[PDB]
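Alright, here's a single protein chain in two forms, structure 1 and structure 2, each given by itself as structure tokens.
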Structure 1
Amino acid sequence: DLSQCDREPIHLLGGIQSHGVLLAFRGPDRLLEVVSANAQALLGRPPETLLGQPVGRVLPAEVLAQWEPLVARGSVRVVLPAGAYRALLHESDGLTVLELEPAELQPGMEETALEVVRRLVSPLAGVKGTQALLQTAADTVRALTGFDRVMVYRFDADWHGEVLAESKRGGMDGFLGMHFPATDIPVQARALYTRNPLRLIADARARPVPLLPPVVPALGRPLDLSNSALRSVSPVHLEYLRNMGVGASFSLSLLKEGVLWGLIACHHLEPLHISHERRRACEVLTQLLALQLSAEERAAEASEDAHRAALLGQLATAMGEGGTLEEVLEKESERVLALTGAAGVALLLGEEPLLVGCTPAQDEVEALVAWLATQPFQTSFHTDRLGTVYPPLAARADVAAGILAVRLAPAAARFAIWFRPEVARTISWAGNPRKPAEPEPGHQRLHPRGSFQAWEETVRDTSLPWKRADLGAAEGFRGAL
């Protein structure tokens, strides 16, 4: 893809985090084929002397005693000499991958998790605005994880993102309202996070534990750790966290109607391990947030649609109550503009344009019509940045940053064209987005930026986006004209 940031194969880095152990077994005899270099931590023996051995001769008696439920369920609690561990199974590269990580220590964890689930599934939760929904999600995730800072991060259209809501302990700094470059979470990371919706970095300073051997022998490349809970993350990102002053990180993908909408990101100033089952409990909260957002967004759409139908009905009542069509539209200007949330409208009903509200002058409208008549757009054309595709009005963002035009005839140049002014947006970037990384000379290593301090810019010449209800209202108004 675009940048070198996009090319690092983060699922093939060949390392795991030091708090866990990984063992990959092959074939009917379950012969050990890949093992983490720290595996004496739970095997009692030097791991390289166990490659090739069958599983019953490798694993502790305690784990073997749980093999049946492990195989059947893919996840069991095992009590080892080192303490309680969560054992996890998944498949990768034709191997059965066993991961062990420290298990949840609080017996009441799930009871606590059900309580915070209540806050987010409540009778009419999200009734103070979706902002209160986002805040509740940040608060409950922080309560359940104990992380110092929890942020709701939304991806915008160009895949840069912004923090919409933040929950943090007293005294902490935060990132509320700040924007971050798309390269902060590159394309292959976004792809992985769409398929694997949870990731924990327990200690941003710890060194990775390598796998032995360093390739899957049948493949000649490292074991695919795409679905591994212990996967050590990109070194560049660990440097990013260090530059942020973050010692531990945990994030959850927000998947809303199938697409990666954002993340809930958690930061801790010191190392912090969250158990597998506590992370899965937090995943319920994030799934609930996504459901609540969808329910409220669709509710808003349905309400907006009803308002547009009502406007069309009120205009039909106004019509035929006397006067020509032109007289009615002039008198009902406010309703005609509200159909599409516009500031002005031009009607070309056969002669010169009828200009209602704030529009460009007659000359500029007539020139725009002659251009629209050449364009390919079936029945409706819309843009929120007219100046990029129609230079004659590019300096006129005071009245025509956005347009929504509908055809009123097959071949003839008869249109209704609604206009919108620009909405300037002053945004704070977390660091200078003109320097989103610090590459070494030669451009072969790359480091993250050193500074996340606010850097201000104002986005101009773009209107509010045209909503689905705006487009439907315009289609429905065509029949009246």
Structure 2
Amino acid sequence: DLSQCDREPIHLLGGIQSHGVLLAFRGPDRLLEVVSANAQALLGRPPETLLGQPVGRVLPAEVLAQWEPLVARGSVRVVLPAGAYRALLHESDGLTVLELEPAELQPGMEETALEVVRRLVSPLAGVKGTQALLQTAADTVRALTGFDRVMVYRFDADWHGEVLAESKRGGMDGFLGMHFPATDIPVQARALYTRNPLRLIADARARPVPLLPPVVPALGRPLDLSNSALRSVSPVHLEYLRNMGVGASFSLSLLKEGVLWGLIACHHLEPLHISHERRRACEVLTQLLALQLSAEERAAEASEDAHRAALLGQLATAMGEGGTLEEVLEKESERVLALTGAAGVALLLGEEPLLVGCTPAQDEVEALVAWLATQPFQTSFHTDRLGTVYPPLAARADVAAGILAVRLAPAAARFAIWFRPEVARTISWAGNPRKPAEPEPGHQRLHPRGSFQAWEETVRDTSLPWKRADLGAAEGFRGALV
């Protein structure tokens, strides 16, 4: 259900967080289009005052002369009196928006950065697990920027998600694992993330400063301030940081193959600044988890479906050692129950069901196969909510929860299905998971939570997942029987 958590158009508000410089260019005489109320404490003149006029009469040697390589390169180094700010510019509406903001100072970066990166890619990164991949990312970002707590909050199925890391200064709180809403990083904000990796809400205690003059003439709405290394970000997300204990919340975003995954998310007690170049090399490490993820949750399969096949290669040479349908589906479906580690399986190869492991009684099954000739799939329907499809076989939530359809033939109920059950689970939310975002009488003006204190919920009457190798252990066993 779309809501104004999603609705509300967070690219175009009134640009930028108060340490910036947007001076923007309709046409070939540059000309100053959308300026910045905060433009008098760099430059020397007020903005209004050169809003109508060229970059001949605006920019100083420093930034101006390297307006050439701006185009050429993407980044340049204006080192004008105030110290050393950045620049960064792309095309907008009819706009060559020069951005521009503070610079890094230390040679650290390469040396710091590197010693850091070779942590997150050693001789063999994954000797004791994937947690140890996840975490180092966390460790290194919090130790590469210089922070307190960070995390690995990944989305799942619902676009829900949970934090899967922690590195800290013994004396904050956290959010260690705890599942907490899908009504946070919503579709308009977290789809602008496939596009615009990195954020910097930082001294997100302070106020947002406007542009000039609100509507960027021609267009109608504000600018398009989405691709801009500065976005002042919404209230709805900042009223909420203020209840959380955040001057700055960084968030370094993620992806492997043209899908999201989760974020990085660095909380800090007071507010901090990270440079174009080094929240760009933040990006180079969040990028570097998304590989070694891809790599060997992939390769895990290969390895881990040899040790599956051997269990097929066993129940195959059974086949080889004397015609014995029933009796050799009996013994080597200890090894079938364990193909997909489960508690049973009933088979309908014509007669009744020689049904073996730890499942329901014939009566129930027979009522199940009929009902299952009613459902629409090419080979194998599976479910992990046995009530949510066929609630006759609810109360069997203790040995049933999912089944593994394989139609052994066309216009027939010839089959085999098995019985995977319910499991504890304490996915723990950051307050009652029902109410995530709660407002005042009318329902147009809504605010944050103000909570996060481990209100538990019990994912229950559920089951496990169905790893690529389950689905695939079946289509090989189709051919076995035929």
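Throughout, rigid core stands for the largest set of C-alpha atoms superposing within 1.5 Å between the two forms. Please note that residue numbering is based on structure 1, beginning with 1 at the start of its sequence.
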Q | Conformational change between structures 1 and 2, one of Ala206, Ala309, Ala182, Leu241, C-alpha moving 2 Å or more after core fit | A | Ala309
Q | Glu8 CA shift between structures 1 and 2 in angstrom, with the core used for superposition | A | 1.3
Q) With both forms fitted on the core, how large is the C-alpha shift of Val423 between structures 1 and 2 in Å? A) 2.1
Q) Cα of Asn227: shift between structures 1 and 2 in Å, core-fitted? A) 0.5
